Each structure stands twice: as C-alpha cells, then as structure tokens.
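Some notes on the structure that comes next.
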Amino acid sequence: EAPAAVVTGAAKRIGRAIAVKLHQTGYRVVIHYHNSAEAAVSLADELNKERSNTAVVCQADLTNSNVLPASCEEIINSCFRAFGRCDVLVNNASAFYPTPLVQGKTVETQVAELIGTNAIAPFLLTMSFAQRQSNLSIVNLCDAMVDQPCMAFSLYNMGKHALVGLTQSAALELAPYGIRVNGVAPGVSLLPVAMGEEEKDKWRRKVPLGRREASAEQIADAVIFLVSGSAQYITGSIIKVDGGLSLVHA
Amino acid sequence: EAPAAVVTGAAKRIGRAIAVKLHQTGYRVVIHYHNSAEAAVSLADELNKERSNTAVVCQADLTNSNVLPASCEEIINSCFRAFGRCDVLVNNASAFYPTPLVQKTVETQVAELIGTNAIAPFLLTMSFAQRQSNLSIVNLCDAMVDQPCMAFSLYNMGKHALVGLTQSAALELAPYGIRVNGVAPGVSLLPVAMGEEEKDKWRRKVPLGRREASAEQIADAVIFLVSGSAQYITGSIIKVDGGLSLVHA
Amino acid sequence: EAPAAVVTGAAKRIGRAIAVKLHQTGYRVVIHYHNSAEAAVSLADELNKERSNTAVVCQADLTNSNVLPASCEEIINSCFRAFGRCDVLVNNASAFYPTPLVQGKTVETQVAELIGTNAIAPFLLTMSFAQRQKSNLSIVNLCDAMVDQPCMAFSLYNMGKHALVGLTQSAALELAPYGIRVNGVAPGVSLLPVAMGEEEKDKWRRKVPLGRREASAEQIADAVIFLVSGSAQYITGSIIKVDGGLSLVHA
Amino acid sequence: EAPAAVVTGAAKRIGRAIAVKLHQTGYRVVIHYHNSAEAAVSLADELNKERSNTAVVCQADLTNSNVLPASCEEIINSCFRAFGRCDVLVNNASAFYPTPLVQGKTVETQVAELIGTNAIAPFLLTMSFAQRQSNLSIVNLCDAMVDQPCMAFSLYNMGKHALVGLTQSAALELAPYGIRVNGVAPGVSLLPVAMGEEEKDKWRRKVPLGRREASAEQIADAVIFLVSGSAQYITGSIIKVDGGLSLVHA
Ligand SMILES: NC(=O)c1ccc[n+]([C@@H]2O[C@H](COP(=O)([O-])OP(=O)(O)OC[C@H]3O[C@@H](n4cnc5c(N)ncnc54)[C@H](OP(=O)(O)O)[C@@H]3O)[C@@H](O)[C@H]2O)c1
Ligand SMILES: NC(=O)c1ccc[n+]([C@@H]2O[C@H](COP(=O)([O-])OP(=O)(O)OC[C@H]3O[C@@H](n4cnc5c(N)ncnc54)[C@H](OP(=O)(O)O)[C@@H]3O)[C@@H](O)[C@H]2O)c1
Ligand SMILES: NC(=O)c1ccc[n+]([C@@H]2O[C@H](COP(=O)([O-])OP(=O)(O)OC[C@H]3O[C@@H](n4cnc5c(N)ncnc54)[C@H](OP(=O)(O)O)[C@@H]3O)[C@@H](O)[C@H]2O)c1
Ligand SMILES: NC(=O)c1ccc[n+]([C@@H]2O[C@H](COP(=O)([O-])OP(=O)(O)OC[C@H]3O[C@@H](n4cnc5c(N)ncnc54)[C@H](OP(=O)(O)O)[C@@H]3O)[C@@H](O)[C@H]2O)c1
Ligand SMILES: COc1cc(NCc2ccc3[nH+]c(N)nc(N)c3c2C)cc(OC)c1OC
Ligand SMILES: COc1cc(NCc2ccc3[nH+]c(N)nc(N)c3c2C)cc(OC)c1OC
Ligand SMILES: COc1cc(NCc2ccc3[nH+]c(N)nc(N)c3c2C)cc(OC)c1OC
Ligand SMILES: COc1cc(NCc2ccc3[nH+]c(N)nc(N)c3c2C)cc(OC)c1OC
C-alpha cells in the first residue's frame, strides 16, 4: 500500500512542487488549498492522470478562529477518508505581508491570518496528525531569514519564529510515537507574481550561490529528503535551502 | 522630569521586582495587573509612600481577542495620562501551562498563551512607538526556548514569537531611537505550585550555585538594558540563567 | 566518468561508513588515515574488489604544525594523482578527549591535536581543494549537534568544533562563486567506543528522544550523501543535525 | 582591598577604554600589550597618577606557539605579582586581517596569529586564571557578525567562533568555582584611521541605531556590567553591542 501525505497550500508554487515530488516518489496526496480552487483541481487532475485515485483536493481557511481546530482535524480526516492512512504532513500554507509598527484589514485579522497560517494551523494540524496515529513525519516550511527579517514584517516573523518553536517542541514530544518533525527554510525562492522583474533581480543578486532564487523543485528536494528513510534519525532539524543568503552581511 | 515605565504583570514575582528597581532608579511606573489587584495596589502604595504620585495601576487581560488592541492602547495611554510620557515598556506578563499535543478549549489556550507572550507584546510595542530621551522596550524571554519543557508547545511557540518580535521591532524602531531588547531567565522564584521535589530537581541543574535566580537578579538585567550604559544595544537578549541552558541532558 | 571524494579518518567508524556510501553512490575514494593502516587497507581492498581502481589510501597526521599545510595539500593532490579530479571533501577525522581547565600530553600538544584535527586541517584541506578548482563540487564537515551543550571538561574539543562551524559558513560564502558548496552534518550521539561499558553507553542512549539509541554510522553517512547529491545543489552553509532530538532535551 | 583585572590588548582602542572604565570603577589593572609599548606605558602613567600603584604593563605576544602557555601563565602571574590577586580577566587582544582561501605571512603564521590571539590565548589565560584562584569573572570580546562574516576572513571567523565555544565551555566548567564567563560582541566600533574613509562610511551607514559605530566606551559599558554585582547570576551569556547591525539582511 502506498503512503499518503497532506500538503497545505499545495495548489501552486512551492506547495505544488512538494505535492508533485511526493507523488513522483509514490505517495498519494491531499492537495489542500484556500482560494486557488482551479489550480488545485488542475494539479489533482494531472496527478490522477499519472496514477488513478492518488490525489484529492481539500479546501480550508487556516486563519485563526475558534473553528480552526475543527478545520485542521477535517484536513487530516480527509486524508484518512481518501487513502485510509496519513503518513506525512507538510505545513506549507502561509500568509506573508507587511504589518508596520508605526502608521484594509484590521490588526485582529492580520494577527489571525499571519499567526494562524504560519503557526497555529501547523500546531493544530500536528495535534490532529498525531492523535490519529512505518515512516511518519511532519515537515514545516520555515524561513532562513527569521533572524534578518524583512523590514515591517513583524507579525509574519513572529509566526515563523513560533513555527521553529513548534518544530522543536513537537519533535521532542512526538519522538516516542516515531513521528519525526523537521523544517525546510528557504531564503529566496519563487518571487511573487505581483513583483516586477527589477525587484526580483534585486533579491537574486544577494544570493552567493548563483545569484538566483531557489527553484520550487530545490525546496521540494529537501522536503523529500526529510520524509525519506535516509532521514530516519533526523528530528528537530531545520535545513536551510538558501544558497548562502543568510550568511551575507548588510 | 522623571522618565516613566510600563511593566506588565507587575504585581508579583519578577514583574514586581522590575517595577521596584525601575522606581528606585527614579522612574515613575505603571503597574499593570490582570487578577492581582490587591497586590498591585499594595505595591503602588509602597512606591507612592517613597515618592508621591509616582506609581499607578492599570488592569487588563492580555489574552488575544477582538478587544486586545484597545486594551493595549489603553495601557500605554495610562502612562501618558498619569505621567505625560512613556519612556520604557517591559513586556513581562505571561501565561505558562502545558498543552499536550496528544490526548480550557485549545483555542482558549492559544488565545492566552500566544496572546500574553507574543500578541500583547506586539500590540503594546505598536502603541508605545506610535505615541512617541532614552526610549526602550525589554521583553521577558526564556533561556530554555531551544530546550523547552515537555508538552509546553504553545507556550514555547509564544516565547519564540517574542524573540522574533524583539528582533523585528529592534530593526524597525531603531530609526526612532527606540531600542528593543530581551532578558531570558532560566529558573527564577520557583513557585509553591511546583512540588518541593521538582523545585530541588531544577535548582540542582544550575551550574552557578545550584540555585534559582532571585527576581531582583532578573530585574538587574532589565535595569542595565534601559540604562544609559546600554544606549548602543538593540536586538540583544541577555540570558540570566546561571548556565542552565549550557547543560546537556 | 566517475567523481572522486576525499574522506579524512576513513578507516573506521563514521568515516568508514561515509567512504562506503560514497563508493556505493559511484564515487572513487581517497581513504585518509593516521594510525589505522590495516583498516584503511582492508577497506580499500574491499572497495577495489567491488570496482577495480576506485579506492586508494593516504596517510597523514592532521595535528597542527608547521608541516600541516603541506600535508593537507598532499592529501588533495593524492586524489588528483589517483583519479584526475576531486569533487568532494569530507572533513571527518577528529581528536576527542577532555582537557580540564583546572587540576601525559602537554597542553600545547592538546591544542595542536584538538584544534588541528577539528578545525585547522579542515581549513587547509578546504584551501587546497579550492585552489585545485580555481559538475557538483562540495565539502561536508562533520560537526557536533551538542556544541552549545558540551561535555564537561572538553573545552578545546568544543572550541575546535565551533571553529569548524565558522569555517563552514565562511567557506560557503567565499567558495559560492566557484560553485563549491560547503555544509555540515552534526551527530548527537552516534557510535560509542567499543570499550565503553554498556552501562555507560546506555546512559547516553536513554537521553535520545527518537528511539533511545545512538545513530548508526550509516545514518550519519546518509546525511552526507544527501548534501553531496544533486538534490542539495542550492544548499550551502547549512549544518544538518542528525541527533534523534538529543539537543532539544533540557538538563 | 581593591580587586584586580587583566585586560589584553589594553594599550589602545577598545581594550584601553575597558581598562580605563575598570580602573574608574575601582580596579587595579594589568595593561597587557604586544607592540604598543609607548601607549601602554602612557596609559599606566595616567591611571597611576589618578591612584598610585594601581596599574602595571605586561608585554606578550599571544600568537600560538609552544611557549604561548608560559606567556599566558606569566600574564596572570604578573597580576598576582603586582596586586596579590586577580579577580577579572578580559580577553580583548585580537589579530584581524583577511586570509583568502584561493590565491608576506605564511599560512602557518596566519593560523598561529588569528587562532592564537582570538581563541588559544583566551583558553590558556582562562586556565591560568582559574588555576591561580568575591566576584570572579572573565569577559571575552567576541563578534556580533560571526554568522555573517566579512568575506575572506575565514581564519579570523574560526577564531571568534572558537571563542564562543570557550565562553560556553568555561562558563559550564568554572561555575562550581564561582567564576562567571561571559562575552561582549561588538558590531562596528571605533573604526580605525587605517581603514579607508570610504569603507568606514559604508559600514557606518549599515547600522540601524543611529547610522554610526559604537564608541569604545559603549563597548566597555557592557564589560563593566558583566563584571559587576548586577550580573552575578549571568554566566555563558554573550551580549551584542551592535546597534542592530546583525539584524540587517543583505
Ligand atoms: N517564496 C519564498 O521566497 C519563500 C521564502 C522563505 C520562506 N518561504 C516559505 O515557503 C512556503 C511556500 O512559499 P510560497 O512562496 O510558495 O508561498 P505563497 O505562495 O506565499 O503561499 C502559499 C499558499 O498559502 C496559502 N494560504 C495563504 N493564506 C492562507 C489561509 N488564510 N488559509 C489557507 N491557506 C492560505 C495560499 O493558498 P491559496 O492560493 O489556495 O489561497 C497560497 O497558495 C511558505 O511557508 C513560505 O513562508 C518561501
Ligand atoms: N520564573 C521563571 O523561572 C521564568 C523562566 C523563564 C522565563 N520567565 C519569564 O519571566 C517573566 C516573569 O516570570 P514570572 O515567573 O514572574 O511570571 P508569572 O508569575 O508566571 O506571571 C507573571 C504575571 O503574568 C500575568 N498574566 C498571566 N496571564 C495573564 C493574562 N491573561 N493577562 C494579563 N496578565 C497575565 C499575571 O498577572 P496577575 O497576577 O495580575 O493576574 C502574573 O502575575 C515571564 O515572561 C516568564 O515567561 C520566567
Ligand atoms: N561518535 C559520535 O557519537 C559523534 C558525535 C558527535 C560528532 N561526531 C563527529 O563525527 C566524526 C566521526 O566520529 P567518529 O566517532 O567516527 O570519530 P573517531 O572514531 O573519534 O575518529 C575518527 C578518526 O579520526 C582520526 N584522527 C584522530 N586524530 C587524528 C590525527 N591527529 N590526525 C589524523 N587523523 C586523526 C583517526 O584516524 P586513525 O584511526 O587512522 O588514526 C580516527 O579513526 C568526528 O568529526 C566527530 O567529532 C561523532
Ligand atoms: N572594532 C570593531 O568594530 C570590532 C568588531 C567586532 C569585534 N571586535 C572585537 O573587539 C576587540 C577589540 O577590538 P579593537 O578594534 O579595539 O581591536 P584591535 O585594535 O584590532 O586589536 C586590539 C589589540 O590586539 C592586540 N594584538 C594583536 N595581535 C596580537 C598578538 N599577536 N599578540 C598580542 N596582542 C595582539 C594589539 O596590541 P598591540 O597594539 O599592543 O600590538 C591590538 O592593539 C577585539 O577582540 C575585536 O575582535 C571589534
Ligand atoms: C521584502 O519584500 C518582499 C519579498 C518577497 N520575497 C519572496 C517571497 C515570496 C513569497 C513568500 N510567501 C510566503 N508565504 N512567505 C515568504 N517569506 C515569501 C517570500 C520571502 C516577496 C514580496 O512580495 C509578497 C515582498 O514584498 C514586496
Ligand atoms: C515543567 O513544569 C513547571 C515548571 C516551572 N518552572 C518555573 C517557572 C515558573 C513560572 C513561570 N512563569 C512563566 N510565565 N513562564 C515560565 N517559563 C515560568 C517558569 C519556567 C514552574 C511550574 O509551575 C508554575 C511548572 O509546572 C508545575
Ligand atoms: C563524555 O564522555 C565520552 C562520550 C563519548 N561519546 C561518543 C563519542 C565517541 C567518539 C567521538 N569521536 C569524536 N571525534 N568526536 C566525538 N564527539 C565523539 C563522541 C561524542 C565517547 C567517549 O569516549 C571516547 C567519552 O569519554 C569517556
Ligand atoms: C572587511 O575589512 C575591514 C573591516 C574592518 N572593520 C572594523 C574592524 C576594525 C578592527 C577590528 N579589530 C579586530 N581585532 N576585530 C575586528 N573584528 C575588527 C573590525 C571588524 C576594519 C578593517 O581595517 C582595520 C578592514 O580592512 C580593510
């Protein structure tokens, strides 16, 4: 029987690359998405064309709220419903936007989105994954630049730091169950659709190893390593995949 | 005119020692409290007996909610109302209890643990900066964030987030001359709520004297960071842990 | 045409497992050794039985001295003489013993051995490796997951391993324009000494959250193989803990 | 009655400022120096004019060699010879220059100077200080930029990383003797005339807090705190005094 994985925010970009590589490795996949329904369905269609009945989509908002625990439980339930097991959880979904300290969304909403997606949803997903339970593991998508953060991104940075804390705490606590918990920390990988080429190039020029951003596949490669049998003693580790960006002084 | 400081969770224990030392150093102080009204007022009475009209109290729940931003704005406003200025913010108040991953609702635990340790510090930081000399913020962190207590994930998440706030706010508020630093205790003032067996077990782990920190020793590092002797220091977290975090399993 | 790797301290234990896995992956290997000649040669003979002319040995003391730079240049040169190329360097060789700060080796010898093997030799080997490269080139340094929670009375050892982290970062930064990646693997508790009492071994094993056991040499080698692979080609300046969670455990 | 301190590389710049502040605080001081004999003797004269018999100079090369242990023992011995006690050791002396990995000093000399001054001499001085033994402590001058080093400074950076390791290891091991071991990590401070004006200006503009370097006195202020009674539970801590420099991404 093939193992099964949940990847959050998997419709596009890094999440899609992770889902694709897991699928190529032989996993059945739950493609979680929030707004990108067409892209999620397009991906699931492609994966099911390769191997029938090996991909499903699952919609959920991962903003913090009193129903978030139930939503996260349902994402894990959806993997069991489709595939009868859940071996791997990848916490990839993430809100990212500035929240300046000095001056449409209310600050309450910004907290709920930035802390919810980057930290609280991963925590609740981790609880539900563990409660339901071989090579079991969780991979959290972190950020290599958390100690040298983008200016005016405090709430986002708080969220990613909290995710490091979760990775460590959950690795410690879930080790007796044989559930490994690790992270992959990109530097600059895919730049946003909205960003102009000149701004993209400004970031690219900072990277020592090739003056280019990580491909989505390069990020996925590290995730696949951590979920593999080649990482079976690794827990509580966060692997930077940043081309040396974090080593470069101001 | 004397500078003024807000200390959250200042009625007891480390917060109280911080408020006392700031006041002894010459600050006027806002003593924030949640449940400990009697102790907050007793502290204010003590400090005001030393110097009239130099200590006030301010009540607020720092749990995350729809009203937390307003509560935090009002804590900062209370300092400006009482004293006409706010030079120092100490983010000390903190919920701390286990939240096991496998088996209050969990969402209430998120609100309390992440609210007190991270979101309230952020909102207080925003309000402090917006309302603006030796201005600074000190966040009470945790020397054991990378070797956390078992089954304290949400607490540990909150303290990690507070490290991130310390760094992000240091970076962003530096142009305004506002420094942002942290003090990271190991074990300090182990409470009655711990058993004597657990208390001795922790104390014996501490390389420097096999004892916990006093609240005053924690306060000493806060006083340094707000002082003129720290005017180039921002984004720094000082462990006050007697070497505890250096000790392997 | 097959790539080539130098592994220092490759006769036994973790270095041996790394050399074996690299060879299984398709590398030709230089098996460096200091005192363990019989084991280095037995490994080479095993690997050459698998594929002829794919393993050589190279003897050197990696203690710090005025001749260390020449010794390290010669190790790298040996790979070029054997195989015509040198694609991977693994800095594994390491002295490890206590050096108490307070009350038969002299302290200058302990400095030389502990700082030489763990830090200075890796630096000189890195220099020589890079100079010959003035494709998937990379260096892997064997670090230590417990450098911030060190064994009592191991100051010089711990200094050496911290220095090795600094080399990893500095060399990653500087060698990036040459396409040479520089990374680390940081064991927690892996192979214990055979002569250590099982009761003492078990004291260490019981500390490890993930399985209450030490890492095998092969599990350490798995992380090295990942870092030198095509699946790690954007990774430089990273140190992967392979510690079963040990470093997360408070006192 | 008055406690005594050894400060290495104390003739000039940051070491001088540390020696002056310790002296103003009530310490008797050993002013160690290597080449700066005239400055060392002038400083001792200044401090002795303020309080007689409270300062001496001590010359030593702190380059690694087989005689370095004897030299370090002699520096501590010089404190006992002059003052009858040695309460504080400040490891400040430091060689700093590039050592590129790819191509008048030989590489062995570069290793000896950079690793000796920044790491091995601090270790040997720490040994001798501890063996010869209240508020006893050691302060190591570290570097806030150890994880974002200057390009082509590998040996220097290795030395400073080793000094972090010593700070931790010695804090752990010397705690039972009541000796605290801490560090102060500058970013940019008191940029020297020898540095080109253009390079000085470039580094100053990187610093978030005031777009300026630290004065020597600001560095010394952190050393004074760590040796004081207000730091009596602090050991194994390294305090950045960097104006936020280390927080700034490339
Ligand atoms: N790209 C980089 O340079 C970079 C750098 C450092 C770290 N990372 C990390 O790597 C991961 C992948 O990066 P990325 O650039 O591919 O991410 P991204 O495009 O910014 O976001 C990934 C997905 O997150 C989902 N998401 C956002 N808000 C959500 C919410 N409220 N509820 C549920 N899902 C939500 C979105 O799903 P829908 O589209 O379905 O709405 C989105 O497609 C993230 O964790 C990111 O922080 C990336
Ligand atoms: N003690 C230690 O060993 C230790 C170790 C590591 C870190 N620290 C950090 O050092 C700081 C001080 O420690 P401590 O032991 O003195 O703290 P504490 O006694 O656990 O808590 C301090 C105060 O926090 C306030 N607080 C708790 N929940 C709150 C809420 N929902 N809203 C508003 N205020 C709330 C309480 O105020 P009221 O009493 O008025 O309700 C309480 O008196 C904390 O940030 C702690 O995390 C302490
Ligand atoms: N084992 C663990 O639990 C553990 C934990 C943390 C980190 N590590 C790291 O992982 C690596 C491998 O560990 P290990 O236990 O396999 O190492 P090890 O057995 O202690 O030593 C490996 C080899 O180092 C060589 N070596 C020692 N001194 C030398 C010198 N002066 N010159 C040249 N070579 C010298 C020896 O080669 P010869 O036998 O030929 O003389 C020895 O076989 C080391 O870097 C170690 O620090 C291991
Ligand atoms: N300045 C900064 O921006 C900065 C930044 C980061 C870290 N730091 C650290 O802060 C400390 C003070 O910095 P600084 O700029 O004042 O240092 P510095 O001027 O570069 O050097 C301090 C003293 O080190 C002594 N020294 C050099 N080589 C020696 C040797 N072989 N043997 C004995 N002593 C030797 C010299 O003494 P003589 O003159 O008597 O020969 C020199 O005056 C150093 O540890 C430095 O690494 C400084
Ligand atoms: C510094 O400013 C910016 C930087 C970047 N960098 C690339 C980028 C893209 C998507 C991302 N998405 C998430 N989930 N998290 C990130 N960390 C992230 C990053 C790092 C993207 C921006 O646009 C969204 C931006 O704002 C203009
Ligand atoms: C592991 O279990 C426990 C550990 C401790 N340790 C001391 C202690 C006390 C108060 C604290 N209060 C806050 N805000 N944060 C902390 N970090 C903290 C700590 C660290 C105290 C306990 O009782 C309060 C306890 O539960 C029985
Ligand atoms: C703390 O005491 C000890 C601990 C260990 N632990 C396992 C072990 C074995 C070989 C090692 N070899 C090197 N190169 N570096 C290490 N880090 C290392 C370690 C970590 C091995 C000991 O004996 C060699 C020992 O001494 C009794
Ligand atoms: C990257 O190039 C350079 C950088 C700097 N930076 C300031 C500076 C000055 C003295 C220093 N001295 C020591 N002991 N350690 C340092 N860390 C140090 C630094 C950090 C100074 C230079 O000239 C003195 C220089 O060379 C041109």
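Convention: chains lettered A, B, ... in structure tokens order; per-chain residue numbering from 1; ligands numbered from 1 as shown.
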**OP:** Could you give me, as a PyMOL selection string, the residues within 7 Å of segment 194-206 of chain B, counting only C-alpha atoms and dropping anything in the same chain fewer than 5 positions from it?
**Re:** (chain B and resi 211-212+242-244) or (chain C and resi 251)
Subject >> Distance filter 10 Å, only C-alpha atoms, chain A against chain B, as a PyMOL selection string >> reply: chain A and resi 64-69+100-103+106-109+111-112+115+119-120+123-132+146-170+172-174
Original post:
What do you get as a count of residues only if you pick all residues at most 7 Å from ligand 2, counting only C-alpha atoms and all ligand atoms?
Top reply: 36
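When chain A is least-squares superimposed on chain D using all C-alpha positions, the deviation that remains is 0.4 Å RMSD.
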**OP:** Write out as a PyMOL selection string the residues lying within 7 Å of residue 9 of chain A, counting only C-alpha atoms and excluding same-chain residues fewer than 5 positions away.
**Re:** chain A and resi 15+32-33+92-93
Would you save the residues from that selection as a PDB file, in the first residue's frame, using C-alpha atoms?
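Resulting contents of selection17.pdb:
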```pdb
ATOM      1  CA  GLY A  15       3.430  23.585  -2.211  1.00  0.00           C
ATOM      2  CA  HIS A  32      -5.039  21.496   0.472  1.00  0.00           C
ATOM      3  CA  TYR A  33      -5.943  24.964  -0.826  1.00  0.00           C
ATOM      4  CA  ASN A  92       3.491  24.955   3.679  1.00  0.00           C
ATOM      5  CA  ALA A  93       0.488  27.324   3.533  1.00  0.00           C
TER       6      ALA A  93
END
```
Mind dumping a table of every chain D residue within 6 Å of ligand 8, with the nearest atom pair and its distance in Å to one decimal, using only C-alpha atoms and all ligand atoms, sorted by chain and rising number, as JSON lines?
```
{"residue": "D:94", "atom": "CA", "partner": "ligand 8", "partner_atom_place_in_ligand_line": "14 (N)", "distance": 4.2}
{"residue": "D:95", "atom": "CA", "partner": "ligand 8", "partner_atom_place_in_ligand_line": "14 (N)", "distance": 5.1}
{"residue": "D:96", "atom": "CA", "partner": "ligand 8", "partner_atom_place_in_ligand_line": "14 (N)", "distance": 4.7}
{"residue": "D:150", "atom": "CA", "partner": "ligand 8", "partner_atom_place_in_ligand_line": "1 (C)", "distance": 5.4}
{"residue": "D:188", "atom": "CA", "partner": "ligand 8", "partner_atom_place_in_ligand_line": "7 (C)", "distance": 5.6}
{"residue": "D:191", "atom": "CA", "partner": "ligand 8", "partner_atom_place_in_ligand_line": "7 (C)", "distance": 5.4}
{"residue": "D:195", "atom": "CA", "partner": "ligand 8", "partner_atom_place_in_ligand_line": "23 (O)", "distance": 4.4}
```
**OP:** Could you report the residues within 6 Å of ligand 7, using only C-alpha atoms and all ligand atoms, as a PyMOL selection string?
**Re:** chain C and resi 94-96+151+189+191-193
Could the residues in this selection be written to a file with C-alpha atoms, as a PDB file, in the first residue's frame?
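Below is the file that was written, selection30.pdb:
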```pdb
ATOM      1  CA  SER C  94      38.796  14.285  14.773  1.00  0.00           C
ATOM      2  CA  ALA C  95      40.580  14.023  18.077  1.00  0.00           C
ATOM      3  CA  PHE C  96      38.228  13.961  21.080  1.00  0.00           C
ATOM      4  CA  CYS C 151      30.534  17.627  27.551  1.00  0.00           C
ATOM      5  CA  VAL C 189      25.384  10.520  19.934  1.00  0.00           C
ATOM      6  CA  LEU C 191      28.923   5.256  17.640  1.00  0.00           C
ATOM      7  CA  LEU C 192      30.111   4.855  21.176  1.00  0.00           C
ATOM      8  CA  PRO C 193      33.561   3.410  21.886  1.00  0.00           C
TER       9      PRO C 193
END
```
Original post:
What residues in chain B have any atom no more than 6 Å from chain C when counting only C-alpha atoms, and can you write them as a list in words?
Top reply: residues 147, 246, 247, 248 and 249 of chain B
With N, CA, C and O atoms retained, write the just-selected residues as an mmCIF file, in the first residue's frame.
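Output file selection_29.cif follows:
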```cif
data_model
loop_
_atom_site.group_PDB
_atom_site.id
_atom_site.type_symbol
_atom_site.label_atom_id
_atom_site.label_comp_id
_atom_site.auth_asym_id
_atom_site.auth_seq_id
_atom_site.Cartn_x
_atom_site.Cartn_y
_atom_site.Cartn_z
ATOM 1 N N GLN B 147 15.368 24.268 24.400
ATOM 2 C CA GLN B 147 15.330 23.048 25.187
ATOM 3 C C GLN B 147 14.087 23.126 26.085
ATOM 4 O O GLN B 147 14.173 23.209 27.304
ATOM 5 N N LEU B 246 23.297 25.735 29.161
ATOM 6 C CA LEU B 246 24.508 25.077 28.684
ATOM 7 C C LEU B 246 24.617 23.612 29.060
ATOM 8 O O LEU B 246 25.533 22.939 28.603
ATOM 9 N N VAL B 247 23.706 23.111 29.880
ATOM 10 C CA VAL B 247 23.824 21.773 30.462
ATOM 11 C C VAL B 247 23.098 20.761 29.582
ATOM 12 O O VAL B 247 21.885 20.857 29.377
ATOM 13 N N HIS B 248 23.836 19.772 29.067
ATOM 14 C CA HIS B 248 23.228 18.706 28.271
ATOM 15 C C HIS B 248 22.322 17.802 29.110
ATOM 16 O O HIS B 248 22.422 17.769 30.337
ATOM 17 N N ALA B 249 21.459 17.065 28.422
ATOM 18 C CA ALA B 249 20.550 16.084 29.032
ATOM 19 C C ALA B 249 21.277 15.077 29.876
ATOM 20 O O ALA B 249 20.657 14.489 30.769
#
```
Subject >> Sel. of strand (DSSP E) residues, segment 9-203 of chain B, as a ChimeraX atom specification >> reply: /B:28-33,55-59,88-91,136-140,179-185
Original post:
ligand 4: which residues are within 7 Å, counting only C-alpha atoms and all ligand atoms, as a PyMOL selection string?
Top reply: chain D and resi 8-15+33-37+60-63+92-96+113+117-118+141-144+185-191
Subject >> Point-to-point distance in Å for atom CA of residue 188 of chain C and atom CA of residue 134 of chain A >> reply: 23.3 Å
**OP:** Give the residue list for ligand 3 at 7 Å, counting only C-alpha atoms and all ligand atoms, as number ranges by chain, sorted by chain and then by residue number.
**Re:** C: 8-15, 33-37, 60-63, 92-96, 113, 117-118, 142-145, 186-192
**OP:** Report as a ChimeraX atom specification: the residues of segment 16-247 of chain B with a DSSP assignment of alpha helix (DSSP H), based on the backbone of this structure.
**Re:** /B:16-25,37-50,68-83,106-114,120-130,153-173,196-205,215-226
**OP:** List the neighbours of residue 245 of chain C out to 7 Å using only C-alpha atoms; skip same-chain residues closer than 4 positions along the sequence, and give me the result as a VMD selection string.
**Re:** (chain A and resid 171 to 172 235 to 236) or (chain C and resid 208 to 210)
Just-selected residues, N, CA and C atoms written as a PDB file, in the first residue's frame:
```
ATOM      1  N   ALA A 171       8.959  17.868  17.869  1.00  0.00           N
ATOM      2  CA  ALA A 171       9.962  16.822  17.677  1.00  0.00           C
ATOM      3  C   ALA A 171      10.206  16.099  19.010  1.00  0.00           C
ATOM      4  N   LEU A 172      10.351  16.882  20.063  1.00  0.00           N
ATOM      5  CA  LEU A 172      10.611  16.332  21.393  1.00  0.00           C
ATOM      6  C   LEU A 172       9.474  15.433  21.872  1.00  0.00           C
ATOM      7  N   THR A 235      15.326  14.421  13.629  1.00  0.00           N
ATOM      8  CA  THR A 235      14.136  15.094  14.122  1.00  0.00           C
ATOM      9  C   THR A 235      14.550  16.342  14.849  1.00  0.00           C
ATOM     10  N   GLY A 236      13.731  17.379  14.703  1.00  0.00           N
ATOM     11  CA  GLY A 236      14.018  18.668  15.274  1.00  0.00           C
ATOM     12  C   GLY A 236      15.044  19.471  14.500  1.00  0.00           C
TER      13      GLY A 236
ATOM     14  N   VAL C 208      18.217   9.985  24.274  1.00  0.00           N
ATOM     15  CA  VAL C 208      17.811  10.315  22.902  1.00  0.00           C
ATOM     16  C   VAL C 208      16.300  10.115  22.726  1.00  0.00           C
ATOM     17  N   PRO C 209      15.555  11.199  22.438  1.00  0.00           N
ATOM     18  CA  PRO C 209      14.098  11.034  22.323  1.00  0.00           C
ATOM     19  C   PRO C 209      13.663  10.020  21.265  1.00  0.00           C
ATOM     20  N   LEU C 210      14.323  10.033  20.110  1.00  0.00           N
ATOM     21  CA  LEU C 210      13.904   9.216  18.966  1.00  0.00           C
ATOM     22  C   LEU C 210      14.579   7.846  19.043  1.00  0.00           C
TER      23      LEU C 210
END
```
**OP:** Find the residues of chain C in contact range of chain A, meaning any atom within 10 Å when counting only C-alpha atoms, and list them as JSON, numbers by chain.
**Re:** {"C": [169, 170, 172, 173, 174, 175, 176, 177, 178, 179, 180, 181, 182, 187, 208, 209, 210, 211, 212, 213, 214, 215, 216, 218, 219, 220, 221, 222, 223, 225, 226, 227, 230, 231, 232, 233, 234, 235, 236, 237, 238, 239, 240, 241, 242, 243, 244, 245, 246, 247, 248, 249]}
**OP:** Please measure the separation of atom CA of residue 45 of chain A and atom 33 (C, counted along the ligand's line) of ligand 1, giving the value in Å to one decimal.
**Re:**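 Computing it gives 20.7 Å between the two atoms.
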Subject >> For atom CA of residue 98 of chain B and atom CA of residue 245 of chain B, the interatomic separation in Å (one decimal) >> reply: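 Between atom CA of residue 98 of chain B and atom CA of residue 245 of chain B the gap works out to 20.1 Å.
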**OP:** Can you pull out every residue within 9 Å of residue 154 of chain C, counting only C-alpha atoms, but drop anything in the same chain fewer than 6 positions away, and send it as a PyMOL selection string?
**Re:** (chain C and resi 96-101) or (chain D and resi 169)
Original post:
Within 7 Å of residue 19 of chain C, counting only C-alpha atoms, which residues qualify if same-chain residues fewer than 2 places away don't, as a list in words?
Top reply: residues 7, 10, 15, 16, 17, 21, 22, 23 and 29 of chain C
Please produce an output containing N, CA and C atoms for each residue in the selection, written as a short mmCIF file (atom, residue, chain, number, x, y, z; two decimals), in the first residue's frame.
```
data_model
loop_
_atom_site.label_atom_id
_atom_site.label_comp_id
_atom_site.auth_asym_id
_atom_site.auth_seq_id
_atom_site.Cartn_x
_atom_site.Cartn_y
_atom_site.Cartn_z
N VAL C 7 37.86 11.41 1.97
CA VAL C 7 37.28 11.30 3.31
C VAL C 7 38.40 11.19 4.32
N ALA C 10 38.96 7.87 7.50
CA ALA C 10 38.01 6.96 6.85
C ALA C 10 38.20 5.49 7.12
N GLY C 15 33.66 7.63 9.47
CA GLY C 15 34.37 7.90 8.23
C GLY C 15 34.33 6.72 7.28
N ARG C 16 34.46 5.51 7.82
CA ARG C 16 34.40 4.31 7.01
C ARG C 16 33.03 4.19 6.35
N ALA C 17 31.97 4.41 7.12
CA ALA C 17 30.62 4.33 6.56
C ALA C 17 30.37 5.37 5.48
N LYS C 21 29.48 4.51 1.61
CA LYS C 21 28.29 5.01 0.93
C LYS C 21 28.63 5.84 -0.29
N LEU C 22 29.68 6.66 -0.21
CA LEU C 22 30.10 7.43 -1.38
C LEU C 22 30.48 6.47 -2.49
N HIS C 23 31.26 5.44 -2.16
CA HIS C 23 31.64 4.46 -3.16
C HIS C 23 30.42 3.76 -3.78
N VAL C 29 37.27 6.89 -4.21
CA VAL C 29 37.55 7.44 -2.89
C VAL C 29 39.02 7.39 -2.48
#
```
Subject >> Polymer residues at most 7 Å from residue 3 of chain B, only C-alpha atoms, same-chain spacing of 3 or more positions, as a ChimeraX atom specification >> reply: /B:27-28,87
